Amino acid sequence: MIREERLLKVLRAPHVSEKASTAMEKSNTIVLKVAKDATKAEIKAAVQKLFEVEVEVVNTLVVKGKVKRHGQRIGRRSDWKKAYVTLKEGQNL
Amino acid sequence: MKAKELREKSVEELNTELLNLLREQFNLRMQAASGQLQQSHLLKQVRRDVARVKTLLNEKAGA
Amino acid sequence: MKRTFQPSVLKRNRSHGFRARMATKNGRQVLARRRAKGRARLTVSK
Amino acid sequence: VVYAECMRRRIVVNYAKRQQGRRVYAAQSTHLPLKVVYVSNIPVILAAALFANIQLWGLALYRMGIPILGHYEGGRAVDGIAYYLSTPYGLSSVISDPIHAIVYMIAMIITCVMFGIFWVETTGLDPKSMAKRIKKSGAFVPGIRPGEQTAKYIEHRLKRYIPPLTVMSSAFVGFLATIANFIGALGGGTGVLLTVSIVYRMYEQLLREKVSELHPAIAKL
RNA sequence: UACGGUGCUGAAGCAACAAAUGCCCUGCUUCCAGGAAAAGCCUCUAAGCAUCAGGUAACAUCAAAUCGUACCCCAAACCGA
RNA sequence: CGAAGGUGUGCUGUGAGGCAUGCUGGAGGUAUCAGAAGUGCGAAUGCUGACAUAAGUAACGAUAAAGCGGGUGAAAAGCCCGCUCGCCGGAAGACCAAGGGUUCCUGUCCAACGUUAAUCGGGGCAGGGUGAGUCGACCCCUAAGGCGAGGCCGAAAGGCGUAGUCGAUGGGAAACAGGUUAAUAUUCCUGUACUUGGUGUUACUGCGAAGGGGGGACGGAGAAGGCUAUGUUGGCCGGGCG
RNA sequence: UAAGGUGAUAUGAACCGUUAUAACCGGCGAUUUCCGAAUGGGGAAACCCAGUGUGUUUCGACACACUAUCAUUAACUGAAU
């Protein structure tokens, strides 16, 4: 009725591993599985209740390139997000 | 089977939902997202617990 | 060589996609015969 | 003393998957720490020992020459450089002399910083290539050929982890040791501090041998 | 400086000639072959409502969702068994 | 404590067949007489599978030449690097659509697979990567053209077709330059800008129709001309004398 | 109905019952996402775009229900006449 806790339940995972974790998962700029359409809204205002970030650029991108999860069997790719936002702060960890 | 809970009213079902559905994936299903569970069994009753919230909402009419 | 049938997706779904074989009762023959075969190929879709 | 490396950091980037399916077993290579500070010890051994020399050396020079480092009487120091560097402990806190506590405390911290830095310039610990040490392979079925670990693009992970292990808790330990003496203890508050640590690296050595001489428990690379 | 790479800096920085198949230009011109449509777009009233509401202007504010974006692409990513 | 079978040997019956018997084998198989047959294959360029040949015979795919020295490693024509050579270059450059759409980077691995050798590849296998009010698509508008309540035809089935509804290959807000990862990009960052639309506020104020008017709004050719990116030079500025 | 359990490959992880409170069976119930005859439109279904209500609203935005066609019927209004 004015906002929903439903998209304050958006956390699903921070990305990790090799290159692109460097300030891409830390500092300003953070990348993480965020809902499925995000909302570009309570994904920038649920960290504005947590770091106060009005978020330097709220971005989205659904995440792509090949099935696996038994890539030598048949694979399945359910698809997900990299948030790939830039936060405007990152300092209250 | 048959033999559980105590039933829950919908003036306090309220409170339950803010702890195992919300702000619980920010600490336990964020920390599922940050592992270290040799207590796998605890997680399964964050689910099956608020799954009883809405059973005792539609079954019992919020009672 | 270079062959005889080539992609067009600019008609595919509306050559036999769901509301293009539903569309026809006789393309719901297809789907009647695939509610008679349980084929994976249907409209060749999900 | 014992609640001073209890903490959980943990990294998995080491890869395995062998016999996939998540109730089959597992699927990864499963490294972690949980305990930290581990070559900065020998520094605060040195720092306390230096004061042991000064209290010794000064008293020796006192009753067989010139007071240069302090004045004694009653056995121990009563004055001088040697007093301001003496350790308060024995059964209870000394709150009578607060400036003594402040100078001694500052003195011990900086002395600990000093031998920690000399534990940089002569005998220390590596991160940069401790980084790169693991990735040639992860763990293979044999069959899955890693590159989750990246042979460089890991130096830093190491250079965040190590130190604090030659420095950077030398300060902190020297602090902890000092206030461990302001409380005071039997066997020495700092001696307890060193002893607990020596015992912990020891204890596990008594235990250590037994499991992997069946050829090792494995799959963590 | 690892020897992978990083730090530090900055002169000249124009004019002539000579320029484009680029553009003015849906131009202009010509010729008959005869050259969309709508939206966007502008304006007027109509019934009405009637100062109102609206409108108009200025200013300020807020908003600007949902997705793509790698890479081959005459090619080992297209097609050709 | 050795069934069946697989499988040697000896005897026997005209044969169909039968016996004796060894091995192997490691489980079952089974009078008589009586019952019932999917009851016997050398030819069908039969069917089907397994198994041959040629023959190591042919062959190893486009000539746009590389050569060398190190490296790695057990090993290099092909992996790695470097250094020396040829070729395309209105392409063989560099960028895209479609389609691929991960083939991509990265990191690994060599078995298989790349037309060989290969440590190597888009191979194999792990990770990592595509971020937008202003860029694009969703999105607004229209073509051909479709659908089409109702409607008008037609055994059923079913057709034609309205009000409408759909529908690109055509038309509807704005951002750029720098700078940036081995994976990014008008997307990230930076610097400096742009836009539209809603809200709000304010000031003034007549506003008001799927309506009306207006307007989008257009060919080809041809004849020119103008213009600039720019190109080339000189000059300049730096460096250099082989 | 029950002392052993915690679906399969899937072994694990952790737990559970802790033997009647696991788990199972049977009845009942709940949810039952997205699509789909699908029904607000669009529509190349699992998707695009939407309304109307009923709410909220912090005014930025935000929830919640309703909205098909076609048939049958009734009721109300009612041209050319």
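- cryo-EM is the method the PDB entry lists for this structure, together with a resolution of 9.600 Å.

- The name given to chain B in the PDB entry is 50S ribosomal protein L29, with the source organism recorded as Escherichia coli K-12.
- The Sequence similarities comment attached to chain B in UniProt states, word for word, "Belongs to the universal ribosomal protein uL29 family."

- You'll find chain A entered in the PDB entry as 50S ribosomal protein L23, with Escherichia coli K-12 given as the organism.
- UniProt, in its Function (literature references left out) section for chain A, records the words "One of the early assembly proteins, it binds 23S rRNA; is essential for growth. One of the proteins that surround the polypeptide exit tunnel on the outside of the subunit. Acts as the docking site for trigger factor for Ffh binding to the ribosome (SRP54) and to nascent polypeptide chains."
- The heading Sequence similarities in the UniProt record of chain A holds the text "Belongs to the universal ribosomal protein uL23 family."

Digging into the interface of chain D and chain A
Moving on, step 1. In this complex, chain D contributes 7 residues to the contact, which on the side of chain A involves 5 residues.
Moving on, step 2. The tally of links from chain D across to chain A stands at 0 salt bridges.
Moving on, step 3. Here chain D is connected to chain A by 0 residue pairs in polar contact.

Some points on the protein's contact with RNA strand F
Moving on, step 1. What surrounds RNA strand F is a group of 37 residues, the closest being A:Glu18, A:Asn59, A:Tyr84, D:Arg145 and D:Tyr153.
Moving on, step 2. Close to the protein, within 4 Å, the atoms of RNA strand F are drawn from sugar and phosphate at a rate of 63%.
Moving on, step 3. Taking A:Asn59, its side chain carries an N or O atom lying 2.6 Å from a phosphate oxygen of RNA strand F.
Moving on, step 4. Between RNA strand F and D:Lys17, the relevant distance is 2.9 Å, taken from a sugar or linking oxygen to a side-chain nitrogen or oxygen of the residue.
Moving on, step 5. Class assignment of the residues belonging to the surface near RNA strand F gives a composition of 13 nonpolar, 10 polar and 14 charged.

Observations regarding the packing of aromatic side chains
Moving on, step 1. The full count for this structure, using the stated rule, is 4 aromatic pairs over all chains.
Moving on, step 2. Pairing D:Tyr62 with D:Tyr72 gives two aromatic rings, centres 5.2 Å apart and planes at 55 degrees, and the pair type is tilted. One end of the pair, D:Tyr62, is in helix α1 (residues 41–62); the other, D:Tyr72, is in the loop between α1 and α2 (81–84), with 10 residues separating them in the sequence.
Moving on, step 3. Judged by relative accessible area, which is 3%, D:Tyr72 ranks as buried.
Moving on, step 4. Above the face of the B:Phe26 ring, A:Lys49 is positioned so that its terminal group lies 5.9 Å from the ring centre.
Moving on, step 5. The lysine or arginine in question, B:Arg23, covers the ring of B:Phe26, its NZ or CZ lying 3.5 Å from the ring centre.

Quick look at the arrangement of the chains
Moving on, step 1. In this assembly, 3 pairs of chains are in contact, and the pair with the greatest number of contacts comprises chains A and B.
Moving on, step 2. The closest approach of any C-alpha atom in chain A to one in chain C is 13 Å; the two make no contact.
Moving on, step 3. Regarding chain B and chain C, the two do not touch, and the least distance separating their C-alpha atoms is 30 Å.

Thoughts on the packing of helix α3 (residues 98–121) of chain D against helix α5 (residues 170–182) of chain D
Residues and elements named next belong to chain D.
Moving on, step 1. Two elements in contact, α3 and α5, have axes whose closest approach is 8 Å; the angle formed by their N-to-C orientations is 145 degrees. Between α3 and α5 lies a crossing whose hand is right-handed. On α5, the residues touching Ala101, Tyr104, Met105, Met108, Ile109, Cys112 and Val113 of α3 are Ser170, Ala171, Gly174, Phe175, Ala177, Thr178 and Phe182.
Moving on, step 2. Per-class residue counts for the contact of α3 with α5 are 11 nonpolar, 3 polar and no charged.

With respect to the pattern of salt bridges
Moving on, step 1. In this structure the tally under the stated criterion is 10 salt bridges over all chains.
Moving on, step 2. Taking the shortest distance from any N to any O, the salt bridge between A:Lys9 and A:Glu5 comes out at 3.3 Å.
Moving on, step 3. Of the residues examined, A:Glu5 reaches a relative accessible area of 26% and is grouped as partly exposed.
Moving on, step 4. The residue B:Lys60 makes a salt bridge to B:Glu59 at a minimum N-O spacing of 3.3 Å.
Moving on, step 5. Assessed through its relative accessible area of 33%, B:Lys60 is described here as partly exposed.

What counts and how
Residues numbered from 1 in each chain as written, not as in the entry; some residues may be left out. Chains lettered and ligands numbered in written order. Part of a larger assembly, values for the part shown. Heavy atoms only, no water. UniProt positions renumbered as here; feature names shortened; annotations may be inferred. Contact = heavy atoms within 4.5 Å. Salt bridge = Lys/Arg side-chain N within 4 Å of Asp/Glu carboxyl O. Polar contact = N/O pair within 3.5 Å; in protein donor to acceptor, adjacent residues only side chain to side chain. Near = heavy atom within 4 Å. Nonpolar A, V, L, I, M, F, W, Y, C, P; charged D, E, K, R; others polar. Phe/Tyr/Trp six-rings, centres within 6.5 Å; stacked < 30°, edge-to-face > 60°. Helix = DSSP H or I, 4+ residues; strand = E, 2+ residues; numbered from the N terminus. Buried < 20%, exposed > 50% of the residue type's maximum accessible area, 1.4 Å probe, protein only. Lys NZ or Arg CZ within 6 Å of the ring centre and 35° of its normal. Axes fitted to C-alpha atoms, helices over the stretch in contact; angles between N-to-C directions. Left-handed = near helix turned anticlockwise from the far one by under 90°.

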